[PDB]
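Next up is one chain by itself, shown in structure tokens, the form deposited in one PDB entry.
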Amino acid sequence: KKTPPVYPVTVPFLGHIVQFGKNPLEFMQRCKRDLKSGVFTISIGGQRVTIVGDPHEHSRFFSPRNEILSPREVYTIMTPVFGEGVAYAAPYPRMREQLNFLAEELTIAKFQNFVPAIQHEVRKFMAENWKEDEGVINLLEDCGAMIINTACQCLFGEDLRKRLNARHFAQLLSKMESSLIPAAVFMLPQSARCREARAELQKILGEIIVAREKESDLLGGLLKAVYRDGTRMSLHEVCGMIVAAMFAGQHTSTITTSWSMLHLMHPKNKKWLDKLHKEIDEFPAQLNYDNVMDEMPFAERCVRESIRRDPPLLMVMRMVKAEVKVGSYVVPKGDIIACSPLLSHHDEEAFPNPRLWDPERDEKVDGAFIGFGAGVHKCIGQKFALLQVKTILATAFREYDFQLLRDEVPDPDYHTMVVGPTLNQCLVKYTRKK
């Protein structure tokens, strides 16, 4: 009457660790079936990990507030990247204000100068890196830069960028992420070797605010932010919120974009691309807000389906402070409760043919899709991400046709914190169009 099933473990100290990491999808789908149940509890190093793997129950995982299902204790890994007292590392009532602060920078108000701004920077990269009319790309790596450029372009003010280029803002993020490795969620030079890259960026920041005062973007907005108790944000506090904002968008969107273009450039799917064209073809090079947002519904379905099939975030997780019920089963305080976009988006009631890419499919259980989370942890980057990505496809499939070298689409590479299409498989051949 008290707790969901448990899965067999041959040797206890290992805790399913190699079984997951080999393939976590295969793994989890096997647990589900065999264990004749969508909810089920796996062990990692004798640490009990109960997955909410029946789509019908998603509400159970995402509705209860942080005090009942706490994210902090799982995501401690990030404290050195974000800050100490920022995001999870901060206290919840406070964190919420940070969420809203950030959310009050991606508001649809500040999106009016984004579409063109990102559209322009796409070409800059194209005309300067895709030079010939016969192409090579490592799409994963190329998207990686388009995204971190267009975002910086979107959120970094002219004075900021000139001091901190997109091309090598990355290098900092990419030094900060080096601190993060697998097997940190359930269990140093890099604490300082990433600390140095934060301390670098931070003092690069503090050095631009002095040039602002003696005299608006995400930074600008963030500094004019005042807490409940009327306090302002510390230098590092603010610095982190740029880091987290920016970290968050970059792999997930790069991957989302890379996946998306891969399916579309694939012949198997070239009725969809033609539909993409029937959608973007009477649009001129002058992309405006109303175009990407109101007149690109099918393009959005492609992007959404790309996330549906290969979600970049495989698990989200909480720490069960109070006890919670989920279907018949119950989850006992002290447990790590998880919920996996990857497994969930493979349930068969919800997504028939879950390895098929059907942009015009529709979840058959309501709430199944959770590639941007749900409940009280709905992603705040969502609209923006969709906006980047949409515009990029719009621009890049207008003015090009694309050709995957392979016979079929790449294989996800489950061997990272944030999953995308296998790097070495992402080679593509572009060819100009007029």
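By rigid core we mean the largest C-alpha set that fits within 1.5 Å across both forms. In case it trips you up, residue 1 is the first one in the sequence shown, and so on.
The entry shows a gap from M187 to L188, with 4 to 9 unmodelled residues of the deposited sequence in between. According to the entry, the stretch of the deposited sequence that connects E348 to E349 contains no residue lacking coordinates, so the chain runs unbroken between them. When the two stretches 311-319 and 284-292 are set side by side, the higher mean Cα temperature factor goes to 284-292. Of the two segments examined, 419-427 and 15-23, it is 15-23 that shows the higher average Cα temperature factor in the deposited entry. Across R301, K131, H251, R355, the entry's maximum B-factor at the CA atom is seen for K131.
Highest CA B-factor among the listed residues (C339, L262, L276, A199): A199. Annotation for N113: CA B-factor lies in the middle third of the chain's modelled residues. Among the modelled residues of its chain, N165 has a C-alpha B-factor that falls in the highest third according to the deposited record. Among the modelled residues of the chain, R398 sits in the highest third by CA temperature factor in this PDB entry. Per the PDB record, residue ranking by Cα B-factor puts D34 in the highest third of the chain. For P55, the recorded CA temperature factor ranks within the lowest third of the chain's modelled residues.
The form deposited in another entry is left out here; the points below concern that form.
Of the candidates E408, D366, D34, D401, the Cα that moves 2 angstroms or more after core superposition between the shown form and the other one belongs to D34 alone. Remark: with the core as the superposition reference, the CA shift of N424 between the shown form and the other one stays below 2 Å. Expansion of the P12-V331 CA spacing by 3 Å or more is recorded in the other entry, set against this form. Closer approach of the C-alpha atoms of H415 and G15, by 3 angstroms or more, is seen in the other entry than in the present form.
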